[PDB]
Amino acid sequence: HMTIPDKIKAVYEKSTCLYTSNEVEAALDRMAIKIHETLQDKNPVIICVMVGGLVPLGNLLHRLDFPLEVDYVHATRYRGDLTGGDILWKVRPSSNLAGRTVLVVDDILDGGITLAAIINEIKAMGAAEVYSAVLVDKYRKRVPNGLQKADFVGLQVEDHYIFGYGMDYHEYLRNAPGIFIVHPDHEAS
């Protein structure tokens, strides 16, 4: 029968490139400058939001020229859970975050209900300050209970079906070198 990797190849092959890898790297440079201005003297814990935060965070980290520690967190949500109150935790924020400045890093702000719950849970562990960073923000789309603004944003995009540079298409294509839009043939509407 038809194979998942063959279908992935077809999706990628038919996709359209919204941003090159170079443009993405350039957006990471801009973020880094801003993050430095805000955080350099704050000894932050930088927390990767799994799994999507991993590519952006790893590429951002060596651009940040100040003392910092790294950690990670993992939460999922049912789409039907509109409040963020039924969140499924796989990896919880640690007690070590008490009194710390924390920067939370994710691939994309898309509503951000789940990102807001993660942030609030970090606050509940006693963090002094929580900032948010996102490689891409779907800037026109905001939802109740969602995160209204990220502190640091690489790229602002319209509401497309997108993948790459940490963003998956059914777990695949996080390794695509840029930001891509799924072809209308493969957009299940």
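Numbers follow the displayed sequence, beginning with 1.
As listed in the deposited structure, the average C-alpha B-factor of 35-43 and of 139-147 is greater for 139-147. Higher mean CA B-factor, judged across 78-86 and 110-118 from the recorded values: 78-86.
Annotation for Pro67, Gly126, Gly154, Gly58: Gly126 ranks highest, by Cα B-factor. In the deposited entry, the Cα temperature factor of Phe163 sits in the bottom third of values across the chain's modelled residues. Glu13 sits in the highest third of its chain by CA B factor, as recorded in the PDB entry. Among the modelled residues of the chain, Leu103 sits in the lowest third by CA temperature factor in this PDB entry.
The PDB entry assigns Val73 a C-alpha temperature factor belonging to the lowest third of its chain's modelled residues.
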